Structure formats: C-alpha cells, structure tokens
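J.: Here it is: the structure, laid out below.
What follows draws every value from the coordinates through simple rules; no lab data is involved. Note that each Cβ is placed from the backbone with ideal geometry, even for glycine, and that neighbours are counted across all protein chains shown.
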Amino acid sequence: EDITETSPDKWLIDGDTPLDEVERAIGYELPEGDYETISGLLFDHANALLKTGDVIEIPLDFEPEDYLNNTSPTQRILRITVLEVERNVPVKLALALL
Ligand SMILES: [Br-]
Ligand SMILES: [Br-]
Ligand SMILES: [Br-]
Ligand SMILES: [Br-]
Ligand SMILES: [Br-]
Ligand SMILES: [Br-]
Ligand SMILES: [Br-]
Ligand SMILES: [Br-]
Ligand SMILES: [Br-]
C-alpha cells in the first residue's frame, strides 16, 4: 500500500500518506499543523515548492521518558528526500530515521 519499510529505519512512501500512518511506521510523532498528509507537512515546513532531490529534515516529538534523567535530550530526526514529483506535488518520498 502506501508505505514500504525498505531497510531498518528506512521507508519508501507515497506523497499522500496520512500522517498518523507515517507516525505508526516510524514509531514517533511528527509536528501537527494545518495539514494531514506527509506532503502537506513538507510544504508547511519548507514554505516553498518541493523538487525531486530536495532533502528536508524534521525533528520528531520526544516522549516523556526521553526526559527521564535528562534535562536536555537529543532530538531524533526524520530525513525525507523527494524522489518523484507529479503536478508539482511529491508522489514518492524516501524516509530515514537518523
Ligand atoms: Br501520492
Ligand atoms: Br494535506
Ligand atoms: Br526545508
Ligand atoms: Br518556492
Ligand atoms: Br521536480
Ligand atoms: Br513515556
Ligand atoms: Br520526478
Ligand atoms: Br511538477
Ligand atoms: Br534515504
């Protein structure tokens, strides 16, 4: 369907993948906003057009236990690379948990 885990902590996904679906796959919550798909998030974050080859890195939400014995935990980052664009929107994205 929408998401394929291609190697550990890496995925190929469709451009219209629902964000809840992406979150379930990667095991982390993403920032919420005025959008509901992975591409919507990307457009919101870049605030620009998205082109094949563009790489966008988005910080993932901490869980409460990430702060247990650590006042300054290190953010996990999701790297997203736009692999295919059609009609000015991404249709395939590479995701890597860094
Ligand atoms: Br798509
Ligand atoms: Br959207
Ligand atoms: Br960006
Ligand atoms: Br632009
Ligand atoms: Br393009
Ligand atoms: Br927790
Ligand atoms: Br393309
Ligand atoms: Br295009
Ligand atoms: Br990748």
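J.: Kindly indicate which of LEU97, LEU68, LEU60 is under 11 Å from the mean Cα position of the chain (by Cα) and away from ligand 9 (no atom under 15 Å from the Cβ). Give the derivation first.
T.: Numbers: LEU97 fails: away from ligand 9 (no atom under 15 Å from the Cβ); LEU68 fails: under 11 Å from the mean Cα position of the chain (by Cα).
Every option except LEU60 fails the conditions.
J.: Tell me which residues, restricted to segment 1-21, are surrounded by 14 or more Cβ atoms within 10 Å (Cβ to Cβ) and in contact with a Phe, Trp or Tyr (Cβ under 8 Å, 6 or more places away or on another chain).
T.: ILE3, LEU19
J.: Sticking with this one: So which residues in segment 69-98 are more than 16 Å from ligand 1 (Cβ to nearest atom) and closer than 25 Å to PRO8 by Cβ?
T.: Selection gives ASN70, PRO73, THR74, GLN75, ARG76, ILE77, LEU78, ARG79, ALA96, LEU97, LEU98.
J.: Moving on. Of (1) away from ligand 8 (no atom under 16 Å from the Cβ); (2) hydroxyl-bearing (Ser, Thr, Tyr); (3) more than 13 Å from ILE3 (Cβ to Cβ), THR17 satisfies all except one. Which?
T.: (3)
J.: Would you be able to say whether some residue in segment 31-48 is within 16 Å of ligand 6 (Cβ to nearest atom) and closer than 22 Å to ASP9 by Cβ?
T.: At the first step, the residues of segment 31-48 found to be within 16 Å of ligand 6 (Cβ to nearest atom) are none.
No, every residue in segment 31-48 fails to be within 16 Å of ligand 6 (Cβ to nearest atom) and closer than 22 Å to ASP9 by Cβ.
J.: Being crowded, with 17+ Cβ neighbours inside 10 Å, more than 16 Å from ligand 7 (Cβ to nearest atom) and of a type in the set (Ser, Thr, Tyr) is the filter here, so list the residues in segment 32-88 that pass it.
T.: Hit for segment 32-88 is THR37, nothing else.
J.: Counting only residues that are more than 16 Å from ligand 3 (Cβ to nearest atom), give me the strands (runs of 3 or more DSSP E) lying completely in the chain with at least 2 of them.
T.: Details: elements: 3-7, 10-14, 55-59, 77-86, 89-97.
Hits in the chain: 3-7, 10-14, 77-86, 89-97.
J.: Assess whether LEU41 counts as being within 10 Å of the chain's Cα centre (by Cα) and away from ligand 9 (no atom under 16 Å from the Cβ). Full working, then the answer.
T.: Working: within 10 Å of the chain's Cα centre (by Cα): yes; away from ligand 9 (no atom under 16 Å from the Cβ): yes.
Answer is yes for this residue.
J.: Another question, then. Being hydroxyl-bearing (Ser, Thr, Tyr) and more than 16 Å from ligand 1 (Cβ to nearest atom) is the filter here; which residues of segment 44-68 pass it? Before you say what the answer is, go through the steps one by one.
T.: Within segment 44-68, the first condition is being hydroxyl-bearing (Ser, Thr, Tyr), and the residues that meet it are 52, 67.
Scanning segment 44-68 gives a single hit, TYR67.
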